[PDB]
Every structure is written in structure tokens, then in C-alpha cells.
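These notes are about the structure you will find just below.
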Amino acid sequence: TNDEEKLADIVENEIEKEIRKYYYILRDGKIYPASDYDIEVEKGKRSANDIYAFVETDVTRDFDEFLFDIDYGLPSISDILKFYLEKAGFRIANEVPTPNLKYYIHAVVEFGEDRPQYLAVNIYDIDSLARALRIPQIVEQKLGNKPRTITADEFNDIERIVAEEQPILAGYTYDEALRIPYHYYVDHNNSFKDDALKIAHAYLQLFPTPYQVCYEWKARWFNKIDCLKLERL
Numbered sequence: 025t026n027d028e029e030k031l032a033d034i035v036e037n038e039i040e041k042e043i044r045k058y059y060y061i062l063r064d065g066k067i068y069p070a071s072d073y074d075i076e077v078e079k080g081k082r083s084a085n086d087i088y089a090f091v092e093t094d095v096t097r098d099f100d101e102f103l104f105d106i107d108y109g110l111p112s113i114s115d116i117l118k119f120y121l122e123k124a125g126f127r128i129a130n131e132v133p134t135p136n137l138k139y140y141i142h143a144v145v146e147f148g149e150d151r152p153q154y155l156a157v158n159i160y161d162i163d164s165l166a167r168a169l170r171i172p173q174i175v176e177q178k179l180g181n182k183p184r185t186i187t188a189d190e191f192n193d194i195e196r197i198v199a200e201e202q203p204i205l206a207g208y209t210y211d212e213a214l215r216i217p218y219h220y221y222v223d224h225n226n227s228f229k230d231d232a233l234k235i236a237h238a239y240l241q242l243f244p245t246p247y248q249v250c251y252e253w254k255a256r257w258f259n260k261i262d263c264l265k266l267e268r269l
């Protein structure tokens, strides 16, 4: 929890810095835009082994979408699978592995006009997330326990099972589980209530609850705020 609080302030300080004018957080706490860092790795300047946390920032202007991204803003299946496989020792084709990645961070910023209103930082433990998605079992069944370089075809075959085949939430495949609550919460379509609540109930029980830190934009800076106060708005 102390590491997670430190990580949320690192993200908040960076979003704030970016406002007034994708990321990796290294094991030393330094934050860099991921695109640039990937080029520095490709040059041999920086090491992919130093990446501790991956940050995905989403920006919104609709409050319902903001709350929905906070509550359902899980990392991409491709990302969790890639992060799991690499953390387990497997290598995906010619791609540079990130074996020491512990956290996936989803930061959501809500805007007023051209100026911001809120920031919500969600910190997920990658291992916990991979387990809830049944990724270890599926990888073991398909590839075995001994790590090696896998083909893009093998990665895709695993990805398909995890996201589009297995009923993971209230009998729905993962992709269906993403769509239905969007239709209810963001599209404000009431006929989707029953199914969204069923998915919500399963998701809140089965999926790991993230370390959540919230902030309000007040006079050119972010100020800490209670997340439970936020959900009421």
C-alpha cells in the first residue's frame, strides 16, 4: 500500500506537469513517456528490465464515462497476457520483454471545458489480474510450463481463448462483459440494466479491487479527495 501511494503521487505529479504545459515508472520511481522510452531501449540506452509500472492515461469530458472508466477501466487483454507471459519467462517473437513489471496503472482525467476537474488513479497488481482472467491455466494448457519464445500465432490463439471464448463474468465472454455495462451506464439505455448489474456483481466479487487514489483540480494544481465522495457525483 505504501508503494501504491508513492506510485499514485508519481502519476498525479506527471499529469499535473503535463496539464500546465502512456508511461513507464521505473523501479527508482522515475516516470517517462513509454513511446520515447521504447526508442531508448531499442538504442541500448535504457533497459526494459527497469520498468516497474505501466501507466495508461484516459481523458474524458462526460461524467458517466469517467465513472465507468474508473470502475471498469481494466487493462487490455493483450497487455495482461503479454505482461504475464514475459513475467513467467516466455518471449513473444522478436519483442523486447518487460520481465519485472509489477503494476498496471490506469489514470482517468475528467475535463470541464479546456481545463480539468478530476483525476482518478487505479493501481492493479498484474499477477492478481492474470489469475482472475485464468491466464496461468490457459498458458499452461497451451504452451506447457517450460518458458521459450512463442510465435505471434501462439500468442493470438491464447488471446482468443481468454477474451472471446471462456465465460469469465456472469456467463459472458470478456468482450461481451465490456460492452453491456457501457450500453447501460454511458449510453443510458435502461433495458441493459439487468445484464449490467449481473456482470457488475460478478466483476466486483471475482476481479481484484484496484488501489484507488482521487484528486480534484483546484486552481492550477491537483488536490487529494475522497474517492467515495467522487462516486456520488
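Using the deposited numbering, the letters of the sequence shown correspond one by one to residues 25 to 45, 58 to 269.
For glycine and all other residues, C-beta sits at the position ideal for the given N, C-alpha and C.
Just to confirm the assignment, what range does the alpha helix (DSSP H) spanning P172 have?
Here the alpha helix (DSSP H) through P172 covers 171-179.
Minimum length 4: unbroken alpha helix (DSSP H) runs contained in the stretch 207-249:
Runs found: 210-221, 229-242.
Within 10 Å of its beta-carbon, does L137 have 16 or more other beta-carbons around it, so buried, or fewer, so exposed?
That one is buried.
Cβ of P244 within 8 Å of Cβ of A168?
Yes, these two residues count as a Cβ contact at 8 Å.
Excluding sequence positions up to five away, which residues of its chain have a Cβ less than 8 Å from the Cβ of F147?
The answer, listed in chain order, is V95, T96, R97, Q153.
Can you give me the C-alpha to C-alpha distance between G180 and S114, rounded to a whole angstrom?
Pairing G180 with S114, the inter-Cα distance amounts to about 19 Å.
Could you tell me which of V132, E92, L121, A213 sits nearest to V175, measuring between CA atoms?
Ranking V132, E92, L121, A213 by CA distance to the CA of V175 puts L121 first.
Tell me whether the beta-carbon of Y140 lies closer than 8 Å to the beta-carbon of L165.
Closer than 8 Å, so yes.
Just to confirm my understanding: we take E195, look at its own chain, exclude 5 residues before and 5 after, and list those with CB closer than 8 Å. What are they?
Around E195, the same chain offers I113, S114, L117 as residues with beta carbons nearer than 8 Å, after the five sequence neighbours per side are excluded.
Under three-state DSSP, which class holds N259?
When secondary structure is reduced to three states using DSSP, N259 falls in the strand class.
Bridge-paired residues (DSSP) for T134
Assignment of beta-bridge partners to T134 by DSSP yields no partner.
If you drop the 5 nearest sequence neighbours on each side, which residues of the same chain put their C-beta closer than 6 Å to that of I87?
The beta carbon of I87 is closer than 6 Å to those of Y60, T134, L137 in its chain, skipping five residues each way along the sequence.
Closest to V145 by CA distance: which of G207, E212, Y210, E101 is it?
The shortest CA-to-CA distance from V145 to any of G207, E212, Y210, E101 is the one to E101.
Go ahead and pull the three-state DSSP assignment for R196.
Looking at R196 - three-state DSSP - the assignment turns out to be helix.
Report yes if the CB atom of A143 is closer than 8 Å to the CB atom of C250, and no otherwise.
Going by C-beta atoms, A143 is not nearer than 8 Å to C250.
For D100, which three-state DSSP category applies?
In the structure shown, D100 sits in a helix (DSSP, three-state: H, G or I).
Within the continuous alpha helix (DSSP H) that includes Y120, where are the two ends?
Run containing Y120: 113-123, per the alpha helix (DSSP H) assignment.
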